[PDB]
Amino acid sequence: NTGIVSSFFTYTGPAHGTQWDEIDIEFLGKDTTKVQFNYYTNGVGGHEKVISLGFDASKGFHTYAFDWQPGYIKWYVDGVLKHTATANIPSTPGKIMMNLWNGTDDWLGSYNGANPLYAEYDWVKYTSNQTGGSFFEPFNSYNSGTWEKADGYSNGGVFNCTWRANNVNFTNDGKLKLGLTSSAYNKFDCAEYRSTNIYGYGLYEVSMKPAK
């Protein structure tokens, strides 16, 4: 069922001592000509919207964004509005997170570990509703002041891989590359990179290329 997923999302929930509020951009590796938008408010999801892109997202970098305001979320693809939600919008500030992971599946028919799956992200921009809360991250190198790598555990549940910090790497030309690897025992190691601060309403933009 759930195969390979590359994502850009905001998150907060009970490990952070709050209700689960989250806004998603996710790409399923089974069809990268589409993108899926969704969000959870107080743990309630069921807002999936799948958009056809008109291009195969895995072939180049595109800019995806969501503008999260008190009364709506609006999602954009390369500056073009694609979807607006207005119902039960979330309101708790969260961390910005990016991951690549496999669920518990037919993507294994083509998976070859000598040319592993990688999701690449060239930059992230957050333009805050609160003056002085904006930031730009170009992914030239690991910045321990603003981000952390997930390592040493699995989320469990739908996730069928263990986060490894050594699957989070930076290329010499400035991209964050998250990899999904398997060396034996049908065990996969995957990767998540996440901010250390939390952010609220504003425009979140990412330039990325999902795995396939």
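Don't overthink the numbering: it's just position in the shown sequence, from 1.
Indicate whether the chain is continuous between residue 104 and residue 105 or, if not, how many deposited residues are absent from the coordinates: none, 1 to 3, 4 to 9, or 10 or more.
Unmodelled stretch: 1 to 3 residues, a short break.
When the C-alpha temperature factors are averaged for each of 45 to 53 and 159 to 167, which stretch ends up with the higher value in the entry?
Per the deposited B-factors, the answer is 45 to 53.
Higher mean Cα B-factor in the deposited model: 196 to 204 or 17 to 25?
According to the PDB entry, the answer is 17 to 25.
Among 152, 174, 179, 70, where is the Cα B factor highest in this entry?
Result of the comparison over 152, 174, 179, 70: 152.
Have a look at 38, 33, 63, 144 and flag the one whose Cα has the highest B-factor in the entry.
In this record, 144 carries the highest C-alpha B-factor of the candidates.
Pull the Cα B-factor of residue 111 out of the PDB entry and bin it into the chain's lowest, middle or highest third.
Within its chain, residue 111 is a highest-third residue by C-alpha B-factor, going by the deposited values.
Within this chain's modelled residues, let me know which third the CA B factor of residue 91 belongs to: lowest, middle or highest.
Its C-alpha B-factor, which the entry lists for residue 91, ranks in the middle third among residues of this chain.
Please rank the C-alpha B-factors of the chain's modelled residues and tell me whether residue 84 sits in the lowest, middle or highest third.
It falls in the middle third of the chain.
Based on the deposited C-alpha B factors for this chain, I'd like to know if residue 117 is in the lowest, middle or highest third.
Its C-alpha B-factor, which the entry lists for residue 117, ranks in the highest third among residues of this chain.
Considering every modelled residue of the chain and its Cα B-factor in the PDB entry, is residue 127 in the lowest, middle or highest third?
Middle third by C-alpha B-factor.
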